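**Q** Provided below: final-v2.cif, containing mmCIF, C-alpha atoms.
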```cif
data_run
#
loop_
_atom_site.group_PDB
_atom_site.id
_atom_site.type_symbol
_atom_site.label_atom_id
_atom_site.label_comp_id
_atom_site.auth_asym_id
_atom_site.auth_seq_id
_atom_site.Cartn_x
_atom_site.Cartn_y
_atom_site.Cartn_z
ATOM 1 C CA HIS A 20 0.000 0.000 0.000
ATOM 2 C CA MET A 21 1.361 3.438 -1.093
ATOM 3 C CA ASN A 22 0.063 6.710 0.486
ATOM 4 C CA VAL A 23 -0.846 10.090 -1.076
ATOM 5 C CA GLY A 24 2.451 11.835 -0.379
ATOM 6 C CA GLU A 25 4.413 8.987 -1.915
ATOM 7 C CA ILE A 26 2.579 8.789 -5.133
ATOM 8 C CA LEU A 27 2.483 12.563 -5.648
ATOM 9 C CA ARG A 28 6.184 12.768 -5.116
ATOM 10 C CA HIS A 29 6.834 9.907 -7.514
ATOM 11 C CA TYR A 30 4.565 11.367 -10.166
ATOM 12 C CA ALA A 31 6.164 14.793 -9.719
ATOM 13 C CA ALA A 32 9.608 13.140 -10.275
ATOM 14 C CA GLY A 33 8.366 11.826 -13.659
ATOM 15 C CA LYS A 34 7.564 8.244 -12.558
ATOM 16 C CA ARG A 35 4.669 6.840 -14.461
ATOM 17 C CA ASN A 36 4.740 3.135 -13.873
ATOM 18 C CA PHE A 37 2.485 2.358 -10.914
ATOM 19 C CA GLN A 38 1.102 -0.867 -12.297
ATOM 20 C CA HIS A 39 -0.363 -3.438 -9.847
ATOM 21 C CA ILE A 40 -0.070 -0.971 -6.940
ATOM 22 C CA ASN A 41 -2.556 -1.162 -4.015
ATOM 23 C CA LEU A 42 -4.171 2.275 -3.421
ATOM 24 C CA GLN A 43 -7.381 1.110 -1.700
ATOM 25 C CA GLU A 44 -9.477 3.905 -0.066
ATOM 26 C CA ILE A 45 -6.897 6.570 -1.066
ATOM 27 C CA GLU A 46 -7.882 10.244 -1.008
ATOM 28 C CA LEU A 47 -6.736 11.817 -4.253
ATOM 29 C CA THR A 48 -9.225 14.550 -4.733
ATOM 30 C CA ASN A 49 -8.105 17.071 -7.352
ATOM 31 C CA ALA A 50 -5.019 14.935 -8.067
ATOM 32 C CA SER A 51 -3.341 15.047 -11.449
ATOM 33 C CA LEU A 52 -2.127 11.672 -12.720
ATOM 34 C CA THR A 53 -2.323 12.180 -16.475
ATOM 35 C CA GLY A 54 -0.510 9.480 -18.452
ATOM 36 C CA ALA A 55 0.005 7.311 -15.333
ATOM 37 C CA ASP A 56 0.202 3.564 -15.867
ATOM 38 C CA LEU A 57 -2.101 2.289 -13.108
ATOM 39 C CA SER A 58 -2.893 -0.964 -14.934
ATOM 40 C CA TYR A 59 -4.076 -3.666 -12.547
ATOM 41 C CA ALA A 60 -4.116 -1.146 -9.656
ATOM 42 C CA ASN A 61 -6.427 -1.644 -6.654
ATOM 43 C CA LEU A 62 -8.381 1.588 -6.231
ATOM 44 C CA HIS A 63 -11.368 0.044 -4.429
ATOM 45 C CA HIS A 64 -13.483 2.731 -2.789
ATOM 46 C CA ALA A 65 -10.888 5.418 -3.652
ATOM 47 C CA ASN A 66 -11.797 9.116 -3.678
ATOM 48 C CA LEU A 67 -10.625 10.358 -7.083
ATOM 49 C CA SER A 68 -13.086 13.206 -7.207
ATOM 50 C CA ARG A 69 -12.103 15.802 -9.836
ATOM 51 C CA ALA A 70 -8.876 13.842 -10.511
ATOM 52 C CA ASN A 71 -7.121 14.439 -13.794
ATOM 53 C CA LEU A 72 -6.526 10.969 -15.275
ATOM 54 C CA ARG A 73 -6.322 12.114 -18.874
ATOM 55 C CA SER A 74 -4.673 9.394 -21.034
ATOM 56 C CA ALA A 75 -4.119 7.145 -17.950
ATOM 57 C CA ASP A 76 -3.725 3.407 -18.306
ATOM 58 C CA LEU A 77 -6.179 1.835 -15.902
ATOM 59 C CA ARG A 78 -6.725 -1.391 -17.825
ATOM 60 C CA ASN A 79 -8.001 -4.105 -15.520
ATOM 61 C CA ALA A 80 -7.878 -1.713 -12.536
ATOM 62 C CA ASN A 81 -10.212 -2.274 -9.556
ATOM 63 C CA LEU A 82 -12.272 0.916 -9.235
ATOM 64 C CA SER A 83 -15.299 -0.731 -7.556
ATOM 65 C CA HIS A 84 -17.330 1.769 -5.498
ATOM 66 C CA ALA A 85 -14.745 4.480 -6.246
ATOM 67 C CA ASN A 86 -15.666 8.166 -6.290
ATOM 68 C CA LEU A 87 -14.734 9.459 -9.758
ATOM 69 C CA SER A 88 -17.172 12.338 -9.743
ATOM 70 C CA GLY A 89 -16.105 14.990 -12.232
ATOM 71 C CA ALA A 90 -12.876 13.136 -13.010
ATOM 72 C CA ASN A 91 -11.105 13.669 -16.337
ATOM 73 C CA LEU A 92 -10.726 10.285 -18.078
ATOM 74 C CA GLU A 93 -10.308 11.513 -21.602
ATOM 75 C CA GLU A 94 -8.721 8.903 -23.798
ATOM 76 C CA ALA A 95 -8.082 6.770 -20.736
ATOM 77 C CA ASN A 96 -7.618 2.998 -21.120
ATOM 78 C CA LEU A 97 -10.263 1.439 -18.888
ATOM 79 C CA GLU A 98 -10.628 -1.812 -20.756
ATOM 80 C CA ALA A 99 -11.870 -4.612 -18.481
ATOM 81 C CA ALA A 100 -11.747 -2.202 -15.494
ATOM 82 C CA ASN A 101 -14.016 -2.981 -12.534
ATOM 83 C CA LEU A 102 -16.243 0.077 -11.998
ATOM 84 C CA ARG A 103 -19.182 -1.606 -10.300
ATOM 85 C CA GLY A 104 -21.115 0.828 -8.102
ATOM 86 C CA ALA A 105 -18.636 3.622 -8.925
ATOM 87 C CA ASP A 106 -19.679 7.278 -8.853
ATOM 88 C CA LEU A 107 -18.825 8.714 -12.294
ATOM 89 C CA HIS A 108 -21.321 11.535 -12.328
ATOM 90 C CA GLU A 109 -20.167 14.455 -14.432
ATOM 91 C CA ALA A 110 -16.933 12.676 -15.432
ATOM 92 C CA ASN A 111 -15.336 13.352 -18.837
ATOM 93 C CA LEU A 112 -14.796 9.959 -20.486
ATOM 94 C CA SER A 113 -14.495 11.361 -24.016
ATOM 95 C CA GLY A 114 -12.734 8.932 -26.337
ATOM 96 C CA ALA A 115 -12.018 6.557 -23.418
ATOM 97 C CA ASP A 116 -11.541 2.771 -24.041
ATOM 98 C CA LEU A 117 -14.051 1.114 -21.725
ATOM 99 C CA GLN A 118 -14.475 -2.102 -23.632
ATOM 100 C CA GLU A 119 -15.451 -5.100 -21.504
ATOM 101 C CA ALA A 120 -15.556 -2.770 -18.447
ATOM 102 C CA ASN A 121 -17.837 -3.609 -15.603
ATOM 103 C CA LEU A 122 -20.051 -0.542 -15.052
ATOM 104 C CA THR A 123 -22.930 -2.335 -13.363
ATOM 105 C CA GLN A 124 -24.774 -0.105 -10.965
ATOM 106 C CA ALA A 125 -22.475 2.825 -11.888
ATOM 107 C CA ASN A 126 -23.647 6.366 -11.506
ATOM 108 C CA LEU A 127 -22.979 7.929 -14.923
ATOM 109 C CA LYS A 128 -25.361 10.836 -14.560
ATOM 110 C CA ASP A 129 -24.359 13.717 -16.828
ATOM 111 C CA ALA A 130 -21.200 11.881 -17.758
ATOM 112 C CA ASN A 131 -19.537 12.605 -21.083
ATOM 113 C CA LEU A 132 -19.011 9.351 -22.923
ATOM 114 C CA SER A 133 -18.680 10.929 -26.390
ATOM 115 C CA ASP A 134 -16.879 8.730 -28.856
ATOM 116 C CA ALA A 135 -16.058 6.275 -26.066
ATOM 117 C CA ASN A 136 -15.558 2.548 -26.689
ATOM 118 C CA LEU A 137 -18.000 0.645 -24.577
ATOM 119 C CA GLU A 138 -17.933 -2.530 -26.647
ATOM 120 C CA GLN A 139 -19.168 -5.503 -24.644
ATOM 121 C CA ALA A 140 -19.294 -3.285 -21.503
ATOM 122 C CA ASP A 141 -21.628 -4.371 -18.689
ATOM 123 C CA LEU A 142 -23.802 -1.369 -17.740
ATOM 124 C CA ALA A 143 -26.658 -3.289 -16.173
ATOM 125 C CA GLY A 144 -28.632 -1.157 -13.699
ATOM 126 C CA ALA A 145 -26.314 1.812 -14.340
ATOM 127 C CA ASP A 146 -27.769 5.356 -14.217
ATOM 128 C CA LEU A 147 -26.982 7.322 -17.370
ATOM 129 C CA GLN A 148 -29.539 10.038 -16.879
ATOM 130 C CA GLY A 149 -28.617 13.080 -18.929
ATOM 131 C CA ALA A 150 -25.370 11.495 -20.012
ATOM 132 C CA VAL A 151 -23.798 12.133 -23.381
ATOM 133 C CA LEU A 152 -22.859 9.179 -25.562
ATOM 134 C CA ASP A 153 -22.693 10.846 -28.966
ATOM 135 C CA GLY A 154 -20.754 8.701 -31.431
ATOM 136 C CA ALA A 155 -20.010 6.084 -28.749
ATOM 137 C CA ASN A 156 -19.583 2.379 -29.429
ATOM 138 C CA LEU A 157 -21.931 0.220 -27.446
ATOM 139 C CA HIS A 158 -21.682 -2.819 -29.684
ATOM 140 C CA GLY A 159 -22.826 -5.836 -27.674
ATOM 141 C CA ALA A 160 -23.125 -3.739 -24.524
ATOM 142 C CA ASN A 161 -25.389 -4.775 -21.697
ATOM 143 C CA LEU A 162 -27.857 -2.020 -20.785
ATOM 144 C CA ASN A 163 -30.347 -4.184 -18.847
ATOM 145 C CA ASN A 164 -32.433 -2.027 -16.551
ATOM 146 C CA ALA A 165 -30.183 0.968 -17.186
ATOM 147 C CA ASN A 166 -31.572 4.502 -16.820
ATOM 148 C CA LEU A 167 -31.155 6.211 -20.152
ATOM 149 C CA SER A 168 -33.657 8.996 -19.316
ATOM 150 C CA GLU A 169 -32.707 12.069 -21.337
ATOM 151 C CA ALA A 170 -29.493 10.428 -22.442
ATOM 152 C CA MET A 171 -28.053 11.407 -25.732
ATOM 153 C CA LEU A 172 -27.211 8.388 -27.830
ATOM 154 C CA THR A 173 -27.055 10.197 -31.128
ATOM 155 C CA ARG A 174 -25.010 8.491 -33.786
ATOM 156 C CA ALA A 175 -24.152 5.784 -31.266
ATOM 157 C CA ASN A 176 -23.546 2.161 -32.178
ATOM 158 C CA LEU A 177 -26.064 -0.008 -30.358
ATOM 159 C CA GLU A 178 -25.701 -3.010 -32.556
ATOM 160 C CA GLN A 179 -26.306 -6.204 -30.581
ATOM 161 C CA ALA A 180 -26.795 -4.249 -27.370
ATOM 162 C CA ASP A 181 -29.334 -5.380 -24.771
ATOM 163 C CA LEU A 182 -31.709 -2.588 -23.641
ATOM 164 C CA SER A 183 -34.197 -4.821 -21.906
ATOM 165 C CA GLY A 184 -35.809 -2.896 -19.074
ATOM 166 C CA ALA A 185 -33.917 0.319 -19.853
ATOM 167 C CA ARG A 186 -35.698 3.599 -19.161
ATOM 168 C CA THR A 187 -35.748 5.664 -22.327
ATOM 169 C CA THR A 188 -38.066 8.493 -21.446
ATOM 170 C CA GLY A 189 -36.581 11.493 -23.287
ATOM 171 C CA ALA A 190 -33.751 9.495 -24.706
ATOM 172 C CA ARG A 191 -32.321 10.605 -27.990
ATOM 173 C CA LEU A 192 -31.320 7.929 -30.402
ATOM 174 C CA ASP A 193 -31.185 9.899 -33.578
ATOM 175 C CA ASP A 194 -28.930 8.253 -36.206
ATOM 176 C CA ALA A 195 -27.999 5.461 -33.788
ATOM 177 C CA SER A 196 -27.260 2.067 -35.221
ATOM 178 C CA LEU A 197 -29.778 -0.312 -33.712
ATOM 179 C CA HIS A 198 -29.173 -3.384 -35.819
ATOM 180 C CA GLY A 199 -29.479 -6.567 -33.863
ATOM 181 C CA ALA A 200 -30.179 -4.856 -30.553
ATOM 182 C CA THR A 201 -32.658 -6.183 -28.018
ATOM 183 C CA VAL A 202 -35.273 -3.580 -27.004
ATOM 184 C CA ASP A 203 -38.614 -3.333 -25.266
ATOM 185 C CA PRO A 204 -41.667 -2.105 -27.093
ATOM 186 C CA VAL A 205 -41.723 0.998 -24.992
ATOM 187 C CA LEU A 206 -38.472 2.142 -26.455
ATOM 188 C CA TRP A 207 -40.045 2.549 -29.807
ATOM 189 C CA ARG A 208 -42.510 4.816 -28.302
ATOM 190 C CA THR A 209 -40.226 6.874 -26.018
ATOM 191 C CA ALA A 210 -36.873 7.402 -27.816
ATOM 192 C CA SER A 211 -36.293 9.822 -30.656
ATOM 193 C CA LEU A 212 -35.297 7.749 -33.602
ATOM 194 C CA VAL A 213 -34.811 10.058 -36.532
ATOM 195 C CA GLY A 214 -32.280 8.354 -38.798
ATOM 196 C CA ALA A 215 -31.917 5.394 -36.480
ATOM 197 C CA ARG A 216 -30.835 2.316 -38.434
ATOM 198 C CA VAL A 217 -33.035 -0.794 -37.921
ATOM 199 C CA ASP A 218 -33.634 -4.372 -39.059
ATOM 200 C CA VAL A 219 -36.830 -5.554 -40.559
ATOM 201 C CA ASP A 220 -37.690 -7.327 -37.314
ATOM 202 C CA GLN A 221 -37.285 -4.060 -35.569
ATOM 203 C CA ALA A 222 -39.314 -2.125 -38.067
ATOM 204 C CA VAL A 223 -42.120 -4.565 -37.564
ATOM 205 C CA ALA A 224 -41.691 -4.185 -33.814
ATOM 206 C CA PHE A 225 -41.806 -0.418 -34.087
ATOM 207 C CA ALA A 226 -45.098 -0.750 -35.936
ATOM 208 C CA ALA A 227 -46.471 -3.276 -33.484
ATOM 209 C CA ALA A 228 -45.514 -1.015 -30.600
ATOM 210 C CA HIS A 229 -47.771 1.608 -32.306
ATOM 211 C CA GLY A 230 -50.665 -0.768 -32.317
ATOM 212 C CA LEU A 231 -50.454 -2.182 -35.791
ATOM 213 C CA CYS A 232 -51.243 -5.921 -36.148
ATOM 214 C CA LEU A 233 -50.320 -8.317 -38.948
ATOM 215 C CA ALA A 234 -52.720 -11.149 -39.981
#
```
Take the structure in this file and express it as structure tokens.
**A**
Amino acid sequence: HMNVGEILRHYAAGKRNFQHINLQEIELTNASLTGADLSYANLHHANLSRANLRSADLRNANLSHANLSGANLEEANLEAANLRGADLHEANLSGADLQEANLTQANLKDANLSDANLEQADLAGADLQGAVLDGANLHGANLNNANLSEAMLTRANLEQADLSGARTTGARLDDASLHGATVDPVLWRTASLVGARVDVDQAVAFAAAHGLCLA
């Protein structure tokens, strides 16, 4: 286990390789750790509020129940990271690699996930209310019971994603790629879908969700 003073000093000296390090419960509010290699680090229940982690390597890091509120994670590598129950509200994750990341139960309210890679990410039960996911890749992502209320998913790739139980009141799915996704009928009636790309099965489902039958 390394403490605050240690890591700040090391970072200030130009050290960047902190891979595998145990930093459980650490208080690093307002800390700047841009470009740090924290791959495989244990940051369970850490306070990283307003931390600058721009371009950090956090691949496979344990960030479960961590406070990342307002953190900068632009272009960060978070592939396969454990973010379950983490607070990411208002974080900037623009262009971040979150593929295969575990975001179950995460608070992503008002988060910026623009152009982020969320391929195969597990976001089940996560709260994305008012979040921004413009141009993001959610191919094969799990959005079971997620809150997408007023989320912007414009031009996002939702191919093969699972939106079963997701709240989509006010959600904006304009130009999103929906091919192969799993959705509830209520999505068709709640999301904006101008330009949204769909399969024939889905087109039929959109119609059925508007009351049309079929003989």
**Q** Using all atoms listed in the file, what residues lie at most 8 Å away from (-33.7, 13.0, -24.6) (file coordinates), given as a PyMOL selection string?
**A** chain A and resi 149+168-171+187-191+210-211
**Q** Rounded to one decimal, what separation in Å do you get between CA of residue 221 in chain A and CA of residue 121 in chain A?
**A**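 Here the two named atoms are 27.9 Å from each other.
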**Q** What is the distance, in Å and to one decimal place, between CA of residue 42 in chain A and CA of residue 22 in chain A?
**A**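 Interatomic distance here is 7.3 Å.
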**Q** Tell me, as a PyMOL selection string, which residues lie within 9 Å of range 44-51 of chain A, counting only C-alpha atoms; anything in the same chain fewer than 3 positions away does not count.
**A** chain A and resi 21-23+27+30+62-73+85+90
**Q** My list of candidates is A:195, A:177, A:55, A:151. Which is closest to residue 36 in chain A when distances are computed with only C-alpha atoms?
**A**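 Result for the nearest residue to residue 36 in chain A: A:55.
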**Q** So what does the PyMOL selection byres ((chain A and resi 123) around 6) actually pick up in this one, as a list in words?
**A**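 Evaluating the PyMOL selection byres ((chain A and resi 123) around 6) on this file yields residues 103, 121, 122, 124, 125, 141, 142, 143, 144 and 145 of chain A.
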**Q** Could you please determine the separation between CA of residue 79 in chain A and CA of residue 52 in chain A in Å, to one decimal place?
**A**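 Here the two named atoms are 17.1 Å from each other.
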**Q** If you apply the PyMOL selection byres ((chain A and resi 75) around 8) to this file, what residues do you get, as number ranges by chain?
**A** A: 52-57, 72-74, 76-77, 92, 94-96
**Q** Nearest to residue 117 in chain A: which of A:163, A:223, A:148, A:134 is it, counting all atoms listed in the file?
**A** A:134
**Q** Given the choices A:181, A:109, A:194, A:138, which gets closest to residue 154 in chain A if the distance is worked out from only C-alpha atoms?
**A**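 Among the listed residues, A:194 lies closest to residue 154 in chain A.
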**Q** For the PyMOL selection byres ((chain A and resi 213) around 8), applied here, can you spell out every residue it catches as a list in words?
**A**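 Evaluating the PyMOL selection byres ((chain A and resi 213) around 8) on these coordinates yields residues 192, 193, 194, 211, 212, 214 and 215 of chain A.
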**Q** Write out as a list in words each polymer residue whose atoms come within 6 Å of residue 197 in chain A, counting all atoms listed in the file; drop sequence neighbours fewer than 3 positions from it.
**A**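 In the requested format, the answer is residues 177, 178, 200, 216 and 217 of chain A.
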**Q** When you look at residue 180 in chain A with a cut-off of 6 Å (counting only C-alpha atoms), what residues show up, excluding the ones that are within fewer than 4 positions of it in the same chain? I need them as a ChimeraX atom specification.
**A** /A:158-161,200
